[PDB]
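Participant: No sequence on hand, only this structure:
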Ligand code: HEM
Ligand SMILES: COc1ccc(C(=O)O)cc1
Ligand SMILES: [Cl-]
């Protein structure tokens, strides 16, 4: 009854151009079985949204990667928020939500915007830049580690550790094996920065350790919660900003609309998150026999959600392949959906908005003038290099 497919969604072939295979996964049926990895898959918006919003059936405490924590050991101690289910997830989630609160965004917005404006001004003096290393990577690295309270030394481990975590969600392929082989130095840095004395006062990390006396988390849980903010978000935001610059370069009429109304910057980044979906996939594990899209999925089965495919499902989106900065983007699953919906989404949207705002006010044209290179990762989609020429307004 359930179509069986041989598509490997974690192959370099798939990463190079996933969109034809994603339609095949969508059009095969609401639920498919991936014989390569022995998991169920949902690629349409409806089923992806349904699975995300049923955490009691499709749990996260057995791992949101391929590995079932009931069968194998996790490569690192489980996340207290990402790899936890309610009610154990609830109170650590509330702490991270208040650490990255709307009030916190108000405290840091003016500084995040000034750094975004300064970066664009600097890049316009060079003209020909790499929109990834010099822009998409350079700007979040200039605001987020400081907002975190991290020391200056050792920040070169942040992006490698981010890519290691994302690769470790994947199947035991070469990308995952090689990432774990290289992991020890990045792992040693991150865990040490999670200790209270190593986090600057007023920053995100210090605020987590200060939240350890309310009955929501204990002092021994704060290091792992700081680890969550060092394991997630940085590369996704970089890939989201890099995809926005790439889209504005290939859809030049959308850059012209953004220039004419810079207040579209926030939705221009939100559309880039849907268009690119920096987090392509996440797993769930069934705690029960469940019926999903006419399929009967047994207990203890892994279910692979195609977030990027759900954001390009023509059953849900009109012209899903087009970058449209005025599209009604509400409802996209680029940040997930439900109780686990990205707790750091306000940080990412703040960084993305103020960067696109600086581009909208200061840049007249963005022209690709070099070979574009894609970075391969078991979980993340993003560009490695994006040579562009910036023309000042
Ligand atoms: C474009 C930027 C981002 C994207 C596309 C993204 C993607 C996602 C997605 C899809 C989830 C859902 C996980 C699940 O359902 O299992 C998630 C959760 C999470 N994200 Fe993000 N994220 C972004 C930015 C950030 C930032 C800036 C931070 C931290 C400062 C962050 C930290 C987290 C954490 C801690 C979780 C776990 C929340 C939970 O399990 O309740 N992310 N992210
Ligand atoms: C990439 O998405 C995430 C989200 C949370 C965590 C974590 O809590 O460690 C890691 C990766
Ligand atoms: Cl780790």
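Facilitator: Yep, it's here. Numbers count the residues shown, from 1 in each chain. Ligands and ions are numbered 1, 2, ... in the order given.
Participant: only C-alpha atoms for contact and neighbour calcs from this point on.
Facilitator: Fine.
Participant: Next, the residue in the chain that ligand 2 sits nearest to: secondary structure please.
Facilitator: In the chain, no residue comes nearer to ligand 2 than residue 228, which is 3.7 Å away by C-alpha to the nearest ligand atom. Counting by DSSP: H, G, I helix; E, B strand; the rest coil, the backbone at residue 228 sits in helix.
Participant: Leaving out sequence neighbours, find the closest residue to it.
Facilitator: Once flanking residues are discounted, residue 228 sits nearest to residue 79: 6.8 Å by C-alpha to C-alpha, 6 or more residues apart in numbering.
Participant: count of residues packed around that neighbour?
Facilitator: Neighbourhood size, residue 79 [other C-alpha atoms under 10 Å]: 16.
Participant: Look up how far residue 160 lies from it.
Facilitator: 18 Å (C-alpha to C-alpha, to the nearest Å).
Participant: got it, and residue 384?
Facilitator: For residue 384 relative to residue 160 (C-alpha to C-alpha), the value is 13 Å.
Participant: you'd agree the residue of the chain closest to ligand 2 is up against residue 76?
Facilitator: No. Counting by C-alpha atoms under 8 Å, residue 228 does not reach residue 76; the two are 12.0 Å apart.
Participant: do stretch 195-204 and ligand 1 meet?
Facilitator: No. Judged by C-alpha under 6 Å from any ligand atom, stretch 195-204 stays clear of ligand 1, getting no closer than 8.8 Å.
Participant: got a list of what residue 123 touches?
Facilitator: 129, 134-135, 390 (C-alpha atoms under 8 Å, 6 or more residues apart in numbering).
Participant: what are the phi and psi angles of the closest residue to ligand 1 within the stretch 151-300 of the chain?
Facilitator: Here the stretch 151-300 of the chain gets closest to ligand 1 at one residue, residue 233, 3.3 Å apart by C-alpha to the nearest ligand atom. Backbone torsions of residue 233, given as degrees, to the nearest 10, read phi 110, psi -40.
Participant: and it, what does it touch?
Facilitator: 344, 348.
Participant: What about the contacts of residue 123, which are in strands?
Facilitator: 129, 390 (DSSP state E).
Participant: who wins for neighbours among the contacts of residue 123?
Facilitator: So for the contacts of residue 123 (other C-alpha under 10 Å), the most neighbours sit at residue 390, 24 neighbours.
Participant: Now do the contacts for it.
Facilitator: 123-124, 127-129, 363-367.
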